[PDB]
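Only one chain is shown below, in C-alpha coordinates, and it's the form deposited in one PDB entry.
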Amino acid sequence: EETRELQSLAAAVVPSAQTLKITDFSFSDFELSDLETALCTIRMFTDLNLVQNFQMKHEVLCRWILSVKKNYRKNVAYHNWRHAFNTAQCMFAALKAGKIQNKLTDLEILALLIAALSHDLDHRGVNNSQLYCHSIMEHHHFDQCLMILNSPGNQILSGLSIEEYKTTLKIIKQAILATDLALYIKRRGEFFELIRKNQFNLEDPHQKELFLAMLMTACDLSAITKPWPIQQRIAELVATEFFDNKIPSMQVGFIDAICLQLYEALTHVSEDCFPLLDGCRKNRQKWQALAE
(Lines give C-alpha, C1' and ligand atoms only; values in the text may rest on other atoms or scores of the structure.)
Protein backbone atom coordinates (compact mmCIF):
# COMPACT_ATOMS: atom_id res chain seq x y z
CA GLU A 1 0.00 0.00 0.00
CA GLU A 2 3.11 2.23 -0.10
CA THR A 3 4.52 1.71 -3.60
CA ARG A 4 0.80 1.61 -4.33
CA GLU A 5 0.50 5.17 -3.06
CA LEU A 6 3.68 6.14 -4.95
CA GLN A 7 2.43 4.33 -8.07
CA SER A 8 -0.86 6.27 -8.06
CA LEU A 9 0.86 9.57 -7.29
CA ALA A 10 3.43 9.22 -10.07
CA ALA A 11 0.88 8.06 -12.65
CA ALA A 12 -1.64 10.78 -11.73
CA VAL A 13 -2.41 13.87 -13.81
CA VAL A 14 -1.49 17.12 -12.05
CA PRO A 15 -4.19 19.78 -12.53
CA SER A 16 -3.24 23.46 -12.88
CA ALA A 17 -2.59 25.84 -9.98
CA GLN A 18 -5.75 27.78 -10.91
CA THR A 19 -7.90 24.65 -10.95
CA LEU A 20 -6.53 23.56 -7.56
CA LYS A 21 -7.02 27.05 -6.11
CA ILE A 22 -3.59 26.96 -4.44
CA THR A 23 -3.03 30.51 -5.68
CA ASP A 24 -5.72 31.80 -3.29
CA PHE A 25 -4.79 33.08 0.16
CA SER A 26 -8.19 31.69 1.28
CA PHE A 27 -7.32 28.12 0.26
CA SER A 28 -8.51 25.32 2.50
CA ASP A 29 -7.72 21.59 2.49
CA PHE A 30 -10.68 20.06 4.39
CA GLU A 31 -12.23 18.56 1.27
CA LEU A 32 -8.96 17.09 -0.08
CA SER A 33 -7.63 13.55 0.26
CA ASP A 34 -3.96 12.93 1.06
CA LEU A 35 -3.34 12.05 -2.58
CA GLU A 36 -4.83 15.39 -3.62
CA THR A 37 -2.57 17.33 -1.22
CA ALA A 38 0.40 15.48 -2.74
CA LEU A 39 -0.82 16.58 -6.17
CA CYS A 40 -1.13 20.19 -5.04
CA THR A 41 2.38 19.93 -3.65
CA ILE A 42 3.74 18.75 -7.02
CA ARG A 43 2.00 21.70 -8.63
CA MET A 44 3.67 24.14 -6.23
CA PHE A 45 7.10 22.81 -7.16
CA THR A 46 6.45 22.84 -10.90
CA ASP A 47 4.82 26.27 -11.06
CA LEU A 48 7.65 27.85 -9.13
CA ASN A 49 9.80 26.37 -11.95
CA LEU A 50 11.74 24.26 -9.44
CA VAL A 51 11.27 20.96 -11.28
CA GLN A 52 12.74 22.58 -14.40
CA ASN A 53 15.53 24.73 -12.96
CA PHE A 54 16.93 21.95 -10.75
CA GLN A 55 16.23 18.92 -12.91
CA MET A 56 14.05 16.91 -10.54
CA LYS A 57 12.86 13.55 -11.79
CA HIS A 58 9.12 13.05 -11.32
CA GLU A 59 9.39 9.84 -9.34
CA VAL A 60 11.91 11.36 -6.92
CA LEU A 61 9.73 14.42 -6.14
CA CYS A 62 6.76 12.10 -5.65
CA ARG A 63 8.72 9.82 -3.32
CA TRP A 64 10.06 12.87 -1.41
CA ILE A 65 6.58 14.37 -0.98
CA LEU A 66 5.30 11.01 0.31
CA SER A 67 8.22 10.64 2.73
CA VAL A 68 7.60 14.13 4.11
CA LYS A 69 3.87 13.39 4.49
CA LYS A 70 4.61 10.10 6.20
CA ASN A 71 6.90 11.68 8.79
CA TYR A 72 4.15 13.82 10.29
CA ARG A 73 1.97 12.21 12.94
CA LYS A 74 -1.72 11.85 12.06
CA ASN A 75 -2.74 11.49 15.73
CA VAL A 76 -1.53 15.00 16.51
CA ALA A 77 -4.53 17.32 16.02
CA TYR A 78 -2.89 20.43 14.59
CA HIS A 79 0.86 19.83 14.13
CA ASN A 80 0.47 17.28 11.32
CA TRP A 81 0.89 16.97 7.56
CA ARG A 82 -2.09 19.22 6.76
CA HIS A 83 -0.55 22.07 8.73
CA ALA A 84 2.79 21.73 6.88
CA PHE A 85 0.86 21.44 3.63
CA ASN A 86 -1.10 24.64 4.46
CA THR A 87 2.06 26.48 5.46
CA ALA A 88 3.58 25.59 2.07
CA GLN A 89 0.39 26.58 0.25
CA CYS A 90 0.58 30.01 1.86
CA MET A 91 4.27 30.31 0.86
CA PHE A 92 3.19 29.54 -2.70
CA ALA A 93 0.35 32.12 -2.61
CA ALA A 94 2.67 34.79 -1.14
CA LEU A 95 5.22 34.01 -3.86
CA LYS A 96 2.63 34.07 -6.66
CA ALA A 97 -0.44 36.19 -5.83
CA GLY A 98 1.55 38.13 -3.23
CA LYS A 99 4.36 38.67 -5.76
CA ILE A 100 7.20 37.88 -3.34
CA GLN A 101 8.68 35.54 -6.00
CA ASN A 102 10.32 38.32 -8.03
CA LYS A 103 12.13 39.56 -4.94
CA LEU A 104 13.96 36.28 -4.35
CA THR A 105 16.50 34.05 -6.06
CA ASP A 106 15.60 30.60 -7.33
CA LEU A 107 17.64 28.95 -4.56
CA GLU A 108 15.84 30.98 -1.91
CA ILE A 109 12.42 29.95 -3.31
CA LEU A 110 13.45 26.29 -3.48
CA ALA A 111 14.60 26.41 0.15
CA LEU A 112 11.47 28.14 1.53
CA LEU A 113 9.12 25.66 -0.15
CA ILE A 114 11.07 22.70 1.24
CA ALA A 115 11.37 24.38 4.67
CA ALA A 116 7.65 25.24 4.77
CA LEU A 117 6.78 21.60 4.05
CA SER A 118 9.38 20.27 6.47
CA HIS A 119 9.27 22.84 9.28
CA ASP A 120 7.32 20.75 11.79
CA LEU A 121 8.43 17.20 10.82
CA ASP A 122 7.82 14.49 13.44
CA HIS A 123 6.08 16.98 15.77
CA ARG A 124 4.34 15.19 18.65
CA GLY A 125 2.10 18.01 19.92
CA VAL A 126 2.80 21.09 22.05
CA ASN A 127 2.07 19.13 25.24
CA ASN A 128 3.30 15.67 24.29
CA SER A 129 6.91 16.90 24.29
CA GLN A 130 14.53 22.87 26.69
CA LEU A 131 15.07 25.08 29.76
CA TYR A 132 18.06 26.18 27.66
CA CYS A 133 15.76 27.81 25.05
CA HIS A 134 17.97 26.85 22.10
CA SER A 135 15.23 25.91 19.60
CA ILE A 136 15.59 22.17 20.32
CA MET A 137 12.38 21.27 18.50
CA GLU A 138 13.25 23.22 15.38
CA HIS A 139 16.69 21.53 15.29
CA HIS A 140 14.93 18.19 15.35
CA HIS A 141 12.58 19.24 12.50
CA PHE A 142 15.55 20.29 10.36
CA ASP A 143 17.39 17.09 11.20
CA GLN A 144 14.32 15.13 9.96
CA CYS A 145 14.18 17.28 6.83
CA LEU A 146 17.89 16.59 6.10
CA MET A 147 17.42 12.84 6.63
CA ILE A 148 14.57 12.68 4.11
CA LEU A 149 16.51 14.82 1.64
CA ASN A 150 19.39 12.28 1.87
CA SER A 151 17.28 9.10 1.63
CA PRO A 152 17.72 6.84 -1.41
CA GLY A 153 15.20 7.74 -4.11
CA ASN A 154 14.23 11.00 -2.37
CA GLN A 155 17.08 13.33 -3.31
CA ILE A 156 15.27 16.23 -4.94
CA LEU A 157 18.39 18.39 -4.52
CA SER A 158 20.71 15.92 -6.30
CA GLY A 159 20.60 18.15 -9.37
CA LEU A 160 22.25 21.11 -7.63
CA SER A 161 26.01 21.70 -7.57
CA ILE A 162 27.85 21.24 -4.28
CA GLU A 163 27.94 25.02 -3.75
CA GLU A 164 24.23 25.28 -4.64
CA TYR A 165 23.42 22.52 -2.18
CA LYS A 166 25.30 24.04 0.74
CA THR A 167 23.70 27.48 0.33
CA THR A 168 20.19 25.98 0.01
CA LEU A 169 20.73 23.73 3.07
CA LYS A 170 21.77 26.83 5.03
CA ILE A 171 18.65 28.76 3.97
CA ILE A 172 16.43 25.74 4.70
CA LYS A 173 17.90 25.42 8.21
CA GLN A 174 17.62 29.15 9.00
CA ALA A 175 14.04 29.05 7.71
CA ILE A 176 13.01 26.11 9.90
CA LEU A 177 14.84 27.58 12.92
CA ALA A 178 12.95 30.83 12.31
CA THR A 179 9.65 29.02 13.03
CA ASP A 180 10.60 28.93 16.73
CA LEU A 181 8.24 31.45 18.31
CA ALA A 182 10.99 32.58 20.70
CA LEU A 183 13.22 33.49 17.73
CA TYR A 184 10.41 35.30 15.91
CA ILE A 185 9.71 37.42 19.00
CA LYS A 186 13.43 38.24 19.39
CA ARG A 187 13.98 39.37 15.83
CA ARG A 188 10.60 41.07 15.26
CA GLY A 189 11.52 44.49 16.60
CA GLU A 190 14.36 44.86 14.11
CA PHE A 191 12.04 44.08 11.16
CA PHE A 192 9.28 46.42 12.37
CA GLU A 193 11.80 49.15 13.27
CA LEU A 194 13.35 49.00 9.79
CA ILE A 195 10.02 49.28 7.96
CA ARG A 196 8.93 52.02 10.37
CA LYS A 197 11.88 54.20 9.27
CA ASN A 198 11.56 53.26 5.59
CA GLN A 199 15.04 51.75 5.88
CA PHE A 200 14.04 48.23 4.82
CA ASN A 201 16.28 46.88 2.07
CA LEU A 202 16.28 43.38 0.53
CA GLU A 203 19.64 43.94 -1.14
CA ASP A 204 21.34 43.76 2.24
CA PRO A 205 22.06 40.09 2.93
CA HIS A 206 21.20 40.52 6.62
CA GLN A 207 17.80 42.07 5.99
CA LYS A 208 17.09 39.50 3.27
CA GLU A 209 17.69 36.75 5.79
CA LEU A 210 15.52 38.59 8.35
CA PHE A 211 12.70 38.78 5.83
CA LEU A 212 12.87 35.04 4.99
CA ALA A 213 12.51 34.38 8.72
CA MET A 214 9.47 36.65 8.99
CA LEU A 215 7.90 35.15 5.86
CA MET A 216 8.22 31.68 7.36
CA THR A 217 6.35 32.75 10.48
CA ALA A 218 3.65 34.50 8.42
CA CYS A 219 3.01 31.28 6.52
CA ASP A 220 3.27 29.18 9.71
CA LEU A 221 0.52 31.25 11.37
CA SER A 222 -1.53 31.66 8.19
CA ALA A 223 -4.58 29.78 9.58
CA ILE A 224 -5.31 32.95 11.55
CA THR A 225 -5.94 34.71 8.23
CA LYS A 226 -8.45 32.24 6.79
CA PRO A 227 -12.18 32.83 6.06
CA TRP A 228 -14.23 32.68 9.29
CA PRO A 229 -15.70 29.17 8.80
CA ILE A 230 -12.15 27.88 8.13
CA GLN A 231 -10.43 29.69 11.04
CA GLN A 232 -13.10 28.42 13.47
CA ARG A 233 -12.35 24.89 12.31
CA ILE A 234 -8.58 25.27 12.65
CA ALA A 235 -8.98 26.97 16.03
CA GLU A 236 -10.92 23.82 17.00
CA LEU A 237 -7.84 21.70 16.11
CA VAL A 238 -5.45 24.02 17.95
CA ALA A 239 -7.73 23.83 20.99
CA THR A 240 -7.77 20.01 21.06
CA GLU A 241 -3.99 19.81 20.72
CA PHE A 242 -3.47 22.44 23.47
CA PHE A 243 -5.92 20.94 25.97
CA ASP A 244 -5.67 17.31 24.73
CA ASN A 245 -15.53 29.87 26.12
CA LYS A 246 -12.20 31.37 27.18
CA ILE A 247 -11.08 30.62 23.60
CA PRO A 248 -12.42 33.77 21.92
CA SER A 249 -10.47 36.19 24.16
CA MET A 250 -7.40 33.97 23.81
CA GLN A 251 -7.65 34.24 20.02
CA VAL A 252 -7.96 38.03 20.21
CA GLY A 253 -4.87 38.22 22.47
CA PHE A 254 -2.94 35.97 20.09
CA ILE A 255 -3.92 38.04 17.07
CA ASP A 256 -2.88 41.28 18.82
CA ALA A 257 0.34 40.11 20.49
CA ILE A 258 1.73 38.05 17.61
CA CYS A 259 -0.17 38.22 14.32
CA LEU A 260 -1.42 41.70 13.34
CA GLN A 261 1.95 43.49 13.30
CA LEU A 262 3.56 40.74 11.20
CA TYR A 263 0.89 40.82 8.49
CA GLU A 264 1.00 44.63 8.54
CA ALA A 265 4.77 44.49 8.01
CA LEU A 266 4.39 41.95 5.19
CA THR A 267 1.91 44.18 3.34
CA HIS A 268 4.33 47.13 3.55
CA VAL A 269 6.94 44.93 1.83
CA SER A 270 4.39 43.69 -0.71
CA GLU A 271 1.03 45.36 -1.24
CA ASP A 272 -0.40 42.19 -2.78
CA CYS A 273 -0.02 40.32 0.53
CA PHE A 274 -2.84 42.48 1.85
CA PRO A 275 -5.41 39.65 1.84
CA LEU A 276 -3.50 37.98 4.72
CA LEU A 277 -3.69 41.17 6.76
CA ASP A 278 -7.35 41.68 5.84
CA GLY A 279 -8.26 38.08 6.69
CA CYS A 280 -6.52 38.38 10.05
CA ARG A 281 -8.47 41.57 10.82
CA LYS A 282 -11.84 40.06 9.93
CA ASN A 283 -11.02 37.15 12.23
CA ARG A 284 -10.16 39.53 15.09
CA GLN A 285 -13.59 41.18 14.70
CA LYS A 286 -15.33 37.77 14.76
CA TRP A 287 -13.51 36.41 17.82
CA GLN A 288 -13.94 39.73 19.68
CA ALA A 289 -17.71 39.72 19.05
CA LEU A 290 -17.84 36.23 20.55
CA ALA A 291 -15.75 37.35 23.55
CA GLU A 292 -19.04 38.78 24.93
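Residues carry their position along the shown sequence, with the first being 1. Each form is matched to the other, and the largest set of C-alpha atoms that superpose within 1.5 Å is called the rigid core.
Quick note: we don't show the form deposited in another entry, though the next part is all about it.
- For the residue set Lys208, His139, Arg187, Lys170, core-aligned C-alpha shifts between this form and the one not shown reach 2 angstroms or more at a single site, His139.
- A displacement of 2 angstroms or greater separates the C-alpha positions of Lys74 between this form and the one not shown, with the rigid core held in common.
- A shift of at least 3 angstroms pushes the Cα atoms of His139 and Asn154 further from each other in the other form than in the displayed structure.
- An increase of at least 3 Å in the separation of the C-alpha atoms of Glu138 and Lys70 is found in the other form, compared with the displayed form.
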